[PDB]
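A.B. asks: Take this structure first; my questions come after.
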Amino acid sequence: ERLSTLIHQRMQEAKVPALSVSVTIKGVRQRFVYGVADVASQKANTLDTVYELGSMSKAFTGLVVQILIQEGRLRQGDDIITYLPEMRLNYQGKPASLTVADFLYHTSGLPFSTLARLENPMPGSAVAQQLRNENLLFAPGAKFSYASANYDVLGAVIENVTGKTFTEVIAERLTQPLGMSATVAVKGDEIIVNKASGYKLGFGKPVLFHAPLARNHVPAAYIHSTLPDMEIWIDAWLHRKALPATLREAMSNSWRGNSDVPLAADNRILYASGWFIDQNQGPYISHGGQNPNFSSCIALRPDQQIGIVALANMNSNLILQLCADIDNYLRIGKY
């Protein structure tokens, strides 16, 4: 009956040690900060607590690509080969031809095996060399198949175009202009102050928190943020028209969904630049983040000025559905 009741109820059902939720509707914002960041040391979850965004990292990566595209530095049509010369991909007998768009919209056809390969930390290996000689499930652009590795390719493209590291580009193009002090793209295994411990469910919640994160996989999964920073993130998207032209235009382009793929009978939703676009009771724009030790969701309904973000320090399927529950509550008072 009450939003706080809904959120609290979902959290204990999810069994996540820490849950952070921010909900804004029509310029009104409520925050829900629950649980403990570290169970062993009993450190309480606070506004300062840092979480891994997981797949919600893709929106930052995707926006930056759109910023480069907006500037004329890059185009969706551009062949992947110029940016990653070493990376050769094969569909059937012959090597496939790929574009920036294929990775942005997950029409690349990259195998599921690629996630494990990208997430595995390699002391010395580039993504192009890492993905070389891979066999595509389908011809590029034929279907939409979600692969986390696609946005790792985009990270490499961003580095190639800019001549800078991914962390530097993220800071210069996004977090500094947006004023997000706590948001950072990690270089690798460097300790982060205030970062929550990560728990992997099953059988009970045990910690898998500290092992080096793969640098190559950061654009897809390892951007780090706080609840207040994600509020700023949500506010910028909702008030994108207030921003500088390049950033504003890039944001509009980032929300444009790729309609040139087959749609399922029960799913006609489109993928944009690190976002899912649903017209039903929409526009409804969302993405979930799922990591081994972290889970998150974000949902935006711009027409009613609705922004929802949830951050948790355990991987839970319920957390992914959590933004949808809150949106239901806002839309019809039910869930």
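Starting from 1 in every chain, residues are counted up; chains themselves are A, B, ... following the order of the structure tokens, and ligands are numbered from 1 as listed.
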For the interface of stretch 38-63 of chain A with stretch 236-256 of chain A (cut-off 12 Å, counting only C-alpha atoms), please tabulate each contacting residue of stretch 38-63 of chain A alongside its nearest pair of atoms and their separation in Å to one decimal, rows sorted by chain and increasing number, as CSV.
C.D. replies:
```
residue,atom,partner,partner_atom,distance
A:58,CA,A:254,CA,10.9
A:59,CA,A:254,CA,8.2
A:60,CA,A:254,CA,10.0
A:61,CA,A:254,CA,10.3
A:62,CA,A:254,CA,6.8
A:63,CA,A:254,CA,5.9
```
A.B. asks: If you count only C-alpha atoms, which residues fall within 10 Å of residue A:160, apart from same-chain ones fewer than 6 positions away, as a PyMOL selection string?
C.D. replies: chain A and resi 82-84+154+166
A.B. asks: Could you list, as a list in words, every residue within 10 Å of residue A:126, counting only C-alpha atoms and ignoring same-chain residues fewer than 2 positions away?
C.D. replies: residues 84, 86, 87, 118, 122, 123, 124, 128, 129, 130, 131, 132, 153, 156, 215 and 216 of chain A
A.B. asks: Take atom CA of residue A:168 and atom CA of residue A:47 and report the distance between them in Å, one decimal.
C.D. replies: 24.8 Å
A.B. asks: Can you tell me, as a PyMOL selection string, which residues in stretch 90-167 of chain A count as strand (DSSP E) by DSSP?
C.D. replies: chain A and resi 90-91+94-95+134-135
A.B. asks: Pull N, CA and C atoms from the residues just selected and write them as a tab-separated table (two decimals), in the first residue's frame.
C.D. replies:
```tsv
chain	number	residue	atom	x	y	z
A	90	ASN	N	34.37	-14.14	-37.74
A	90	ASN	CA	33.94	-15.01	-38.83
A	90	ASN	C	32.51	-15.52	-38.66
A	91	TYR	N	31.72	-15.37	-39.72
A	91	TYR	CA	30.42	-16.01	-39.79
A	91	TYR	C	30.50	-17.09	-40.86
A	94	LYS	N	33.46	-17.52	-44.16
A	94	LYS	CA	34.23	-16.32	-44.34
A	94	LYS	C	34.09	-15.30	-43.23
A	95	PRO	N	35.05	-14.41	-43.13
A	95	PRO	CA	35.07	-13.41	-42.07
A	95	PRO	C	33.96	-12.39	-42.28
A	134	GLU	N	36.74	-15.29	-33.54
A	134	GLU	CA	35.50	-15.72	-32.92
A	134	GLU	C	34.45	-16.01	-34.00
A	135	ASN	N	33.61	-17.01	-33.75
A	135	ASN	CA	32.57	-17.39	-34.71
A	135	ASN	C	31.21	-16.83	-34.35
```
A.B. asks: What's around residue A:280 at 12 Å? Count only C-alpha atoms, leave out sequence neighbours fewer than 2 positions away in its own chain, and write the answer as a list in words.
C.D. replies: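 In the requested form, the answer reads residues 267, 268, 269, 270, 276, 277, 278, 282, 283, 284, 285 and 301 of chain A.
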A.B. asks: One decimal, Å: what's the distance from atom CA of residue A:102 over to atom CA of residue A:85, could you say?
C.D. replies: 16.2 Å
A.B. asks: Smallest atom-to-atom distance to residue A:303: which of A:111, A:322, A:279, A:93, using only C-alpha atoms?
C.D. replies: A:279
A.B. asks: Contacts of residue A:189 at 8 Å or less, counting only C-alpha atoms, minus same-chain residues fewer than 3 places along, as a PDB file with N, CA and C atoms, in the first residue's frame?
C.D. replies:
```pdb
ATOM      1  N   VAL A 186      36.744   2.301 -13.232  1.00  0.00           N
ATOM      2  CA  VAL A 186      37.951   1.770 -12.610  1.00  0.00           C
ATOM      3  C   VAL A 186      38.991   1.319 -13.635  1.00  0.00           C
ATOM      4  N   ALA A 211      38.826  -9.341  -5.848  1.00  0.00           N
ATOM      5  CA  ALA A 211      39.686 -10.012  -6.800  1.00  0.00           C
ATOM      6  C   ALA A 211      39.765  -8.977  -7.912  1.00  0.00           C
ATOM      7  N   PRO A 212      40.905  -8.902  -8.614  1.00  0.00           N
ATOM      8  CA  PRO A 212      41.034  -7.867  -9.640  1.00  0.00           C
ATOM      9  C   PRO A 212      39.909  -7.916 -10.669  1.00  0.00           C
ATOM     10  N   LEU A 213      39.357  -6.749 -10.984  1.00  0.00           N
ATOM     11  CA  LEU A 213      38.384  -6.616 -12.058  1.00  0.00           C
ATOM     12  C   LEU A 213      39.130  -6.442 -13.378  1.00  0.00           C
TER      13      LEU A 213
END
```
A.B. asks: So, counting only C-alpha atoms, which residue among A:155, A:292, A:307, A:141 is closest to residue A:197?
C.D. replies: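 Of the candidates, the smallest distance to residue A:197 is held by A:292.
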A.B. asks: When distances are computed from only C-alpha atoms, which of A:193, A:228, A:217, A:286 shows the smallest separation from residue A:179?
C.D. replies: A:228
A.B. asks: Give the answer as one residue: which of A:39, A:142, A:231, A:164 has the shortest atom-to-atom distance to residue A:178, using only C-alpha atoms?
C.D. replies: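 The answer is A:231, which sits nearest to residue A:178.
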A.B. asks: Determine the nearest neighbour of residue A:223 from the options A:295, A:9, A:304, A:55, counting only C-alpha atoms.
C.D. replies: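 When distances to residue A:223 are compared using only C-alpha atoms, the smallest one comes from A:55.
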A.B. asks: By how many Å are atom CA of residue A:71 and atom CA of residue A:150 apart?
C.D. replies: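 Spanning atom CA of residue A:71 to atom CA of residue A:150 is a straight-line distance of 22.0 Å.
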A.B. asks: Counting only C-alpha atoms, which of A:330, A:37, A:157, A:137 gets nearest to residue A:76?
C.D. replies: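 Answer, going by the shortest atom-to-atom distance: A:157.
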